[PDB]
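Let me begin by presenting the structure, written as structure tokens, before commenting on it.
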Amino acid sequence: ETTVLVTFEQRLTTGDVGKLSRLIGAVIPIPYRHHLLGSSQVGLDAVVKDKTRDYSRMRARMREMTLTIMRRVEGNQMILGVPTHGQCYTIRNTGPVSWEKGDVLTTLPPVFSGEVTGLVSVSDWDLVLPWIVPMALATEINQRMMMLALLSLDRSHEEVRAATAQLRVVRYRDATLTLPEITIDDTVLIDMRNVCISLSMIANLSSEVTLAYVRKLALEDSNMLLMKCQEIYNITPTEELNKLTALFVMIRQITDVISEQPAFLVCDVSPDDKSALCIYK
Amino acid sequence: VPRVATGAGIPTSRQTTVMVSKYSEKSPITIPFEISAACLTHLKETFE
Amino acid sequence: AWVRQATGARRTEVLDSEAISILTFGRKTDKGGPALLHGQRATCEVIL
Amino acid sequence: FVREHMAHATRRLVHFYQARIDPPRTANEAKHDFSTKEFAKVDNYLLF
């Protein structure tokens, strides 16, 4: 079903429904996708209060959530239209990123800089909304979880913490968020393996032209990318076609490791920078 | 079918319509009975 | 090998990739075993 | 199965013990360690 009428089922206030009346167009995930749901399921908060509570399990959980769009908030009825794939929908901003018109948005679990009251902790239950980040902050915040999990492989016990604090203040567009004190969990570990395997095969497929390209370029050119990367023949092109292509199988996969689901693609952004017409679930 | 359907996420059902079509079972009864050949010929031939 | 042979033969049906998922979502691993004349059964344990 | 082509097992005997291998105890020495309560349970892989 598409239209999802929602039971509140808790004891809400006038100050509650006034907030959602201005929030019409927000992103609420639902797990069950009925026409009639209750607010125990409606909302994302009911799983971010788990006891383990790391980014490794919250990110892999909510890709089984189904996103909805807030509509018709009067009193106790919440109309949540399930969006269809490829219609234009507007979205009110839930997290302070300006979304920079023309790009792909994603779903970020929770701010996790503390535990934000998403609406109001009503009867010790708030309704917390996902962050919808423009896929650059999504990939980067998922990169650093594996950056600092590869780090903890070959560090003893302190140069993790001296280098995570180097890398956890993610200064993005309008936001300086925090990596959630990176917990080594096995969903990272099963996929940190395949990343390390994907790094291995690119070394195999690097057929001494793709290898030496920077190291031949530094002799001729003086570029900003070329100088920062200093510190950091054969007549077989048809075989180089297949090796580069098999290399492209890996990098479209190892990016897909740390990238997220493509989601709401920006049609237009208001000059208020709050409501954003977006297509493509 | 009727459907008591309600509830905040209570799993509701759709109008499950059911038809059946009952066959008959046969069990024929048969009794024999005899009539004597003498019992026919004293009906039929009718002597003096 | 020896403990799980000593009792509880079943190790895993899922990966480590899905072993966290059974911690995330409680999945119903053991089926209805066909040996079911009584019905539903329970247990738990506290060492004294 | 093996007859060993018996010549003199007075001397052929420790020729086996030179190698330090033992055959697995094969369904009766592995059956004696099951007891009366233990045999009838599901733990007994030798119920067949």
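Identifiers in this document derive from the order of the structure tokens: chains are assigned A, B, ..., residues are numbered from 1 separately in each chain, and ligands are numbered from 1 in order of occurrence.
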I'd like the neighbourhood of region 50-60 of chain A as a compact mmCIF listing (two decimals) with N, CA, C and O atoms, in the first residue's frame, where a residue qualifies if any of its atoms comes within 7 Å (using only C-alpha atoms), though same-chain residues fewer than 4 positions away should be ignored.
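Output below, filename around23.txt:
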# COMPACT_ATOMS: atom_id res chain seq x y z
N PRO A 109 21.26 6.94 9.34
CA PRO A 109 20.54 6.45 10.52
C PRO A 109 20.08 7.60 11.40
O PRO A 109 19.01 8.17 11.16
N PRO A 180 30.89 7.78 15.53
CA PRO A 180 30.29 7.34 16.79
C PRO A 180 31.16 6.41 17.62
O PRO A 180 30.69 5.36 18.10
N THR A 183 33.14 1.24 16.80
CA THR A 183 33.10 -0.08 17.41
C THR A 183 33.36 -1.11 16.32
O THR A 183 32.73 -1.07 15.26
N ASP A 185 32.83 -4.17 14.53
CA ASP A 185 31.70 -5.08 14.45
C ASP A 185 31.84 -5.90 13.17
O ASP A 185 32.54 -5.51 12.23
N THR A 187 29.78 -6.94 10.73
CA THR A 187 29.28 -6.48 9.43
C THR A 187 30.30 -5.61 8.71
O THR A 187 30.36 -5.61 7.48
N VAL A 188 31.09 -4.85 9.47
CA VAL A 188 32.25 -4.20 8.87
C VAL A 188 33.27 -5.24 8.45
O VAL A 188 33.80 -5.19 7.34
*Looking at only C-alpha atoms, which of C:1, C:36, C:43, C:8 is the one that sits closest to chain D?*
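Residue with the minimum atom-to-atom distance to chain D: C:8.
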*Give as a PyMOL selection string every residue of chain D that touches chain C within 10 Å, counting only C-alpha atoms.*
chain D and resi 42-45
Alpha helix (DSSP H) residues, from DSSP on the backbone, in region 28-72 of chain A, as a short mmCIF file (atom, residue, chain, number, x, y, z; two decimals) with N, CA, C and O atoms, in the first residue's frame:
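Generated output (part-v2.cif):
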data_model
loop_
_atom_site.label_atom_id
_atom_site.label_comp_id
_atom_site.auth_asym_id
_atom_site.auth_seq_id
_atom_site.Cartn_x
_atom_site.Cartn_y
_atom_site.Cartn_z
N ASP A 45 13.12 6.04 15.60
CA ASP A 45 13.62 6.05 16.97
C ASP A 45 13.59 4.71 17.71
O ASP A 45 14.46 4.44 18.54
N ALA A 46 12.60 3.86 17.39
CA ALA A 46 12.38 2.62 18.13
C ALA A 46 13.50 1.59 17.96
O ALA A 46 13.49 0.57 18.66
N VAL A 47 14.46 1.82 17.06
CA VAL A 47 15.61 0.94 16.94
C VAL A 47 16.93 1.63 17.26
O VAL A 47 17.94 0.94 17.45
N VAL A 48 16.97 2.97 17.32
CA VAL A 48 18.22 3.63 17.71
C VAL A 48 18.41 3.67 19.21
O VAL A 48 19.45 4.17 19.68
N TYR A 55 26.90 2.40 14.75
CA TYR A 55 26.55 2.72 13.37
C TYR A 55 26.60 1.50 12.46
O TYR A 55 25.99 1.52 11.39
N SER A 56 27.30 0.44 12.87
CA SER A 56 27.41 -0.75 12.04
C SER A 56 26.09 -1.51 11.96
O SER A 56 25.77 -2.09 10.92
N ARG A 57 25.31 -1.53 13.05
CA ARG A 57 24.06 -2.27 13.02
C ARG A 57 22.86 -1.40 12.67
O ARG A 57 21.85 -1.93 12.19
N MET A 58 22.94 -0.08 12.88
CA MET A 58 21.80 0.77 12.55
C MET A 58 21.73 1.04 11.06
O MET A 58 20.65 1.17 10.50
N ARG A 59 22.89 1.13 10.41
CA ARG A 59 22.92 1.40 8.97
C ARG A 59 22.44 0.20 8.17
O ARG A 59 21.70 0.35 7.20
N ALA A 60 22.84 -1.00 8.58
CA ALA A 60 22.41 -2.21 7.88
C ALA A 60 20.97 -2.59 8.22
O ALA A 60 20.37 -3.39 7.49
N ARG A 61 20.41 -2.06 9.30
CA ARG A 61 19.03 -2.39 9.66
C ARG A 61 18.03 -1.64 8.79
O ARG A 61 17.11 -2.24 8.23
#
*What is the CA of residue 137 (chain A) to CA of residue 18 (chain C) distance in Å?*
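Distance reported for this atom pair: 26.5 Å.
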*asked:* Which residue is closest to residue 29 (chain C)? Choose from C:3, C:42, C:47, C:14 and count only C-alpha atoms.
replied: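 Counting only C-alpha atoms, the residue closest to residue 29 (chain C) is C:14.
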*Near region 11-28 of chain B, counting only C-alpha atoms, which residues have an atom at most 7 Å away, once you skip same-chain residues fewer than 4 positions from it, shown as a VMD selection string?*
chain B and resid 1 5 to 6
*Up to 8 Å from chain A, what residues of chain B turn up? Count only C-alpha atoms and give them as a list in words.*
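Taken together, these residues fit the definition: residues 7, 8, 9 and 10 of chain B.
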Dump as a PDB file, in the first residue's frame, selection limited to C-alpha atoms:
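result07.pdb was written with the following content:
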ATOM      1  CA  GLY B   7      -5.850  -2.290  14.397  1.00  0.00           C
ATOM      2  CA  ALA B   8      -2.636  -0.307  14.351  1.00  0.00           C
ATOM      3  CA  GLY B   9      -0.668  -2.630  12.114  1.00  0.00           C
ATOM      4  CA  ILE B  10      -2.868  -5.617  12.966  1.00  0.00           C
TER       5      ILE B  10
END
Can you build me a table of chain C residues sitting at most 10 Å from chain A, with the closest atom pair per residue and its distance in Å to one decimal, using only C-alpha atoms, sorted by chain and residue number, as JSON lines?
{"residue": "C:15", "atom": "CA", "partner": "A:190", "partner_atom": "CA", "distance": 9.1}
{"residue": "C:16", "atom": "CA", "partner": "A:190", "partner_atom": "CA", "distance": 6.9}
{"residue": "C:17", "atom": "CA", "partner": "A:187", "partner_atom": "CA", "distance": 5.8}
{"residue": "C:18", "atom": "CA", "partner": "A:187", "partner_atom": "CA", "distance": 8.2}
{"residue": "C:19", "atom": "CA", "partner": "A:186", "partner_atom": "CA", "distance": 8.6}
{"residue": "C:20", "atom": "CA", "partner": "A:187", "partner_atom": "CA", "distance": 6.7}
{"residue": "C:21", "atom": "CA", "partner": "A:61", "partner_atom": "CA", "distance": 8.2}
{"residue": "C:23", "atom": "CA", "partner": "A:57", "partner_atom": "CA", "distance": 9.4}
{"residue": "C:24", "atom": "CA", "partner": "A:57", "partner_atom": "CA", "distance": 7.1}
{"residue": "C:25", "atom": "CA", "partner": "A:61", "partner_atom": "CA", "distance": 8.5}
Got time to write the residues from that selection, N, CA and C atoms, as a compact mmCIF listing (two decimals), in the first residue's frame?
# COMPACT_ATOMS: atom_id res chain seq x y z
N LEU C 15 25.81 -16.88 7.04
CA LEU C 15 27.17 -16.37 7.13
C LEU C 15 27.40 -15.62 8.43
N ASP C 16 28.66 -15.20 8.62
CA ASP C 16 28.95 -14.10 9.52
C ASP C 16 28.30 -12.81 9.05
N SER C 17 28.13 -12.65 7.73
CA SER C 17 27.43 -11.50 7.16
C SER C 17 25.98 -11.46 7.60
N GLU C 18 25.39 -12.62 7.86
CA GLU C 18 24.03 -12.70 8.36
C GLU C 18 23.97 -13.12 9.83
N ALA C 19 25.11 -13.42 10.46
CA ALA C 19 25.09 -13.77 11.88
C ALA C 19 24.80 -12.57 12.75
N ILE C 20 25.29 -11.39 12.35
CA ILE C 20 24.91 -10.15 13.01
C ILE C 20 23.43 -9.87 12.79
N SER C 21 22.89 -10.29 11.64
CA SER C 21 21.48 -10.06 11.35
C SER C 21 20.58 -10.88 12.27
N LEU C 23 21.36 -11.39 15.30
CA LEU C 23 21.39 -10.57 16.50
C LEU C 23 20.54 -9.32 16.33
N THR C 24 20.52 -8.77 15.11
CA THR C 24 19.72 -7.58 14.84
C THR C 24 18.24 -7.91 14.83
N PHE C 25 17.82 -8.78 13.92
CA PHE C 25 16.46 -9.29 13.89
C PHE C 25 16.48 -10.70 14.44
